[PDB]
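Peer 1: Below is the sequence, then the experimental coordinates.
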Amino acid sequence: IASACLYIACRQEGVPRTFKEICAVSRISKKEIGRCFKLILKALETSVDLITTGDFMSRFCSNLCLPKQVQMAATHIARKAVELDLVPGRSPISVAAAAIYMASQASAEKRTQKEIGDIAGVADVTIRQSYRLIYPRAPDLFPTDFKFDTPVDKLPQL
Amino acid sequence: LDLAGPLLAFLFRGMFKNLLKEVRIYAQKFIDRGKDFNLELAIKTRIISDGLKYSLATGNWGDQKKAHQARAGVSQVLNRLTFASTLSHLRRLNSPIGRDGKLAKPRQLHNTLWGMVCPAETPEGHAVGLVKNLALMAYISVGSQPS
Amino acid sequence: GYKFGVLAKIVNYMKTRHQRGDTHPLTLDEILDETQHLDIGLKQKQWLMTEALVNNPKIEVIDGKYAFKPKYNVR
Amino acid sequence: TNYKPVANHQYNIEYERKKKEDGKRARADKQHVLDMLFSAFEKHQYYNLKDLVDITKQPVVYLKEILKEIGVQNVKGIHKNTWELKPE
Amino acid sequence: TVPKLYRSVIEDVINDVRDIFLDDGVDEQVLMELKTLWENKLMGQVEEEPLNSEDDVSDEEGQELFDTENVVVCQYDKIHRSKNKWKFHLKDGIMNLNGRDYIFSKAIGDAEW
Amino acid sequence: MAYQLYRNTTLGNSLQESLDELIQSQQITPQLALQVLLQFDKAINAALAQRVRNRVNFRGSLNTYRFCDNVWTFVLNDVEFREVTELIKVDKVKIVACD
Amino acid sequence: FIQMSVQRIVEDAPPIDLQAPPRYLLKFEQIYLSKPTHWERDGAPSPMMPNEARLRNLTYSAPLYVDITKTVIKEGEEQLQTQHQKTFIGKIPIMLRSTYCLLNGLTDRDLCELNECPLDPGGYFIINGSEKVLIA
Amino acid sequence: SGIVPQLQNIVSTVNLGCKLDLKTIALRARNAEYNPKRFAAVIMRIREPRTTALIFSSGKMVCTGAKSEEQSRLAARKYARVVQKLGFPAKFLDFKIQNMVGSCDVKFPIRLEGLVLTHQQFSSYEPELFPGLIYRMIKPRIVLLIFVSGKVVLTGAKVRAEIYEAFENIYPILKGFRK
């Protein structure tokens, strides 16, 4: 109950933490935390705003030690991908991880799929799927005034 | 003279003893249940964090539960009325009050204070001779191994 | 241990007989055959007969053959 | 790298796997449970319910019912009131 | 191969029963005679209570009664089923197919229901 | 008082028949025969566990299955026992498993 | 204190022995201390300047990490040794202008750019934005 | 609307009115399995209805997997007849359909974000836990799993009328969030 309440408090304060992030600090499993979260929402008769990719960008990029420009590029890429509906049904965390990978590979500070998955709580395979979904339109997703250390055409294909 | 280092070392030793105590308790519960334990979950960071912060903030030097026997006045708000006041506060010394002080009065300018403690600087009132200031070139040994 | 749970099993068998309803008393050797007590030593059986069967209040002795007392329990 | 997000803790999944593989203790027949109880009493005169449950490998409620049928709880001045496997 | 394994099993069995033959006080010639004979032998229904409204809703039960067909006896480590198929991690065991015997350590099986 | 799996096979049947012959001849007591069967079960279990180091595969269809007291009683049809060295075809098979 | 005493205290702390059968041994090996850092509500770490701490009523503290080796003896004749690198155990308030403060080795121009008086001697702690000095 | 949900699974409970021996049923039945360590009931399967039934020692049985109400009732009767053929006095008492599951497709992608924003009182969308949005209809007590692909799964219905009514209610709402 306490872990689910902590997750709900983060969501309500507007700095949501992933269920995996909460589980990492709580002895309770992610499944139990989610079940208690649903029950708490029903009991309180309240609601929490849907999470967006931009919610986790600051924390993920800071933990990856990426530049502010790379963080902005990743946030823009994720938001534009959601707007264009290139990742339907995909989890916001997965979309954010894929966008961060794209930005990191396009910038000097390059981070591996394993690294991004470790910080974001998302499997490298899921990151691969989301990145493959957003890769075809990478030039469209990237911000206009972005300094590509690696040209968008030569971004990793996978 | 117990400077910031040794005092913080005493506090940190106490808090680390505590930290290992809760680590033992948490791990023991899981071991008794037969399931392995997560080391990261076993650690309470607030022990060290809040202990150091509370000691330095309140000035009661010791565990917040043992404030009765915890030394007081060790930590004070830096005096910023003047630069000279700030320097004096940073070079201040505090004499003890207890059996030693009762048996021998430290409210006096002992000959040994030459070159070590300022002979003129001392508060007026109940603190005369108990609060002292280092001489300009006085240095306090930081300690090293005798090996 | 040895030679205690077997006695407990015999006494439980007597309760099972009484849930059956066979008022007629039965021979101890036949009870042993039914309960697979042949393996047990004979001397323990003799000690049971001499001491424990009489001590047990539920058990009764009629015409040299041991069985519960139909008078003790309410009918 | 500390507190990296994780769906479930390794110790928790290992313990859950052990529990699932072991499975809940089954309610065996009264005759077999009684025989096992009588065998245990032969080894030891006095048994605590917690260890007797481990020996019998039966549900606590079912074992308590069968043990209430025959054995009796004796209050002790040394440790605590415990079961007595002797029917009398 | 299988006969050689059988001979090794014979050796193990006789060695394992020697101690019992000493415990029971029986003479050792019994084991020799046993081995000799063993080798020789080897080589709108509103009122729904009545269920009779349906008939022939079963199959022939004589297969298990017969058991004459080929039979496999082994131990199972894992057996999983997903809505159509049965999967088999059967470990070391024995098989009796067409009289001839087969020996195995790991057996993997997939079947449909 | 053991696993008692291989008794209903060719080997166990031959052993049981031999014990029956000796019992008819009064050479061995039935308790001795039962002890021999128990020792045979132990030895055969150990022998199959240790001296067998070959893997087998098989496929087919299942017609019936049963489970009780940790005893599976599968009944398959048109089974193909495939091995790297040889392949065997069988119209029907009954797989009895225990653990 | 920071360089010698913390590490020596951790080393001198007896290894944790647990058993209740498998037995676990926990040993604390090495101390790591990062620069004073502040975490925003979103969870993004960022270096905490002393002026920022003073203005925002923060505590000028540095994260503290220990290397912890856990060895489990299962009684099965194999022992599993796993090392957790830089496990966070708390934060230590940092004396300003010390070797572990952000204003260490900075030129007067850098201090001015950071809005810190070059004449400020440091030697104190910022706890909840209050400059605390430890009296000898 | 032109679309009708099709049932994927029906759960029905029926009391046989007599105590049973699970071990005997496991030993004598054809497709039955009994693992008291795992579960306290006996799980049996019949292919021709293509359904699975759990039988308890209390005499109550649960039948699942039936795609139709008639199939569920017939399968329950068949299981009861099998138990009866095993010699028990099994009967068919208080047969009831406890829950029905239906599935369908709206044939267009859906914006679950807009749907949850509009119907937060009934909607629950947590991609972390489950990609499908859970909608709790009140007038029918039906839970709908709506997916971005357009697939909709309704559950909690006691009768097919509830499934159809719930889909009729939800379809106009979904049409307003067509992607």
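Peer 2: Now that the structure is in, tell me what you want to look at. Numbering: from 1, shown residues only, chains lettered A, B, ... in the order given.
Peer 1: top strand in chain G by residue count?
Peer 2: strand G:79-93 (DSSP state E).
Peer 1: partners of it in the sheet?
Peer 2: Partners of strand G:79-93 in the sheet, by DSSP bridges, are strand G:61-73 (antiparallel).
Peer 1: one step back: kindly export the longest strand of chain G (C-alpha atoms) in CSV.
Peer 2: Presented in CSV, the C-alpha positions along strand G:79-93 are these (Å, rounded to 0.1, in the frame of the first residue of the first chain):
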residue,chain,number,x,y,z
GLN,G,79,30.2,-20.2,-1.9
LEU,G,80,28.8,-17.4,-4.1
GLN,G,81,30.6,-14.0,-3.8
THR,G,82,28.8,-11.0,-5.3
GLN,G,83,30.2,-7.4,-5.1
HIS,G,84,27.8,-4.4,-5.1
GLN,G,85,29.8,-1.5,-6.4
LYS,G,86,29.1,1.9,-4.9
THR,G,87,26.0,1.2,-2.9
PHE,G,88,24.6,4.5,-1.7
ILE,G,89,24.5,4.6,2.1
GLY,G,90,23.8,8.3,2.8
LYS,G,91,25.1,11.9,2.4
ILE,G,92,27.8,13.6,4.4
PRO,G,93,27.6,17.4,4.8
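Peer 1: any idea how far the residue positioned nearest the centre of chain D lies from residue F:19?
Peer 2: A centroid search over chain D (C-alpha atoms, centre = their mean) returns residue D:53, at 2.0 Å, as the residue closest to the centre. Relative to residue F:19, residue D:53 is positioned 41 Å away (C-beta to C-beta, to the nearest Å). Any C-beta I mention is one placed from the backbone N, CA and C, and that applies to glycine too.
Peer 1: Show me the domain layout of chain F.
Peer 2: Recorded structural domains for chain F (assignment: CATH domains of a matching chain) are F:1-53, F:54-99.
Peer 1: could you list every residue that touches the closest residue in space to residue E:101 that isn't next to it in sequence?
Peer 2: Distances taken as C-beta to C-beta, 6 or more residues apart in numbering or on different chains place residue E:2 nearest to residue E:101, at 5.8 Å, with adjacent residues excluded. The contact partners of residue E:2, taken as C-beta atoms under 8 Å, 6 or more residues apart in numbering or on different chains, are E:101, E:102, E:103.
Peer 1: mind giving me the domain split of chain H?
Peer 2: Taken from CATH domains of a matching chain, chain H resolves into H:1-11+H:98-179, H:12-97.
Peer 1: for those domains, which one sits closest to chain G?
Peer 2: Judged by C-beta to the nearest C-beta, the one of the domains of chain H that comes nearest to chain G is domain H:1-11+H:98-179, at 16.6 Å.
Peer 1: from the chain's centre, how far out does that closest one sit?
Peer 2: Mean-position distance between domain H:1-11+H:98-179 and its chain equals 15 Å (C-alpha atoms, centre = their mean, to the nearest Å).
Peer 1: What of stretch C:61-71?
Peer 2: 10 Å.
Peer 1: and it, how far apart are its ends?
Peer 2: 13 Å (C-alpha to C-alpha, to the nearest Å).
Peer 1: Briefly note if it comes near chain D.
Peer 2: No: taking C-beta under 8 Å from any C-beta of the partner chain as the criterion, stretch C:61-71 and chain D are apart, separated by no less than 14.1 Å.
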